[PDB]
């Protein structure tokens, strides 16, 4: 089975959509259309186990984010921004089992900490892909 996407944040002078999925509005690859660049949500169509990774630039404020499945945090990440003149970085990742129509997204989970960033020479990316399908070959006999 095939399911994969990767997207990055556009540069922005406004604060990032918070307490809601964070859109990564600039798509690198989304052949199945399983990622929605308007909403920032990945929607599952193939049941299976997936890897998700965020590689973020942090600037002007600390960054906290959650990887979220169906409104609940899978895993949470944080990088302190110590008032430095140039950006820092934060990556997070996890695997999760999904069923069709389950949704996964990135969300800032605490108020102050929305320092995610992108610029000419920095980016913040969100990627996800199916590692194996849970439609097994002998679905009735075994499993």
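Residue numbers count along the first chain shown, from 1.
Trainee: Could you settle it for me: does 119-127 or 20-28 have the higher average Cα B factor in the PDB entry?
Mentor: Result: 20-28.
Trainee: Which is higher in the entry, the mean Cα B factor of 43-51 or that of 101-109?
Mentor: Per the PDB record, 101-109.
Trainee: Highest Cα temperature factor in the entry, among the options 90, 68, 96, 38: which one is it?
Mentor: Answer, based on the entry's C-alpha B-factors: 38.
Trainee: How does the C-alpha B factor of residue 84 compare with the rest of the chain: lowest, middle or highest third?
Mentor: Highest third - that is where residue 84 ends up once the chain's C-alpha B-factors are sorted.
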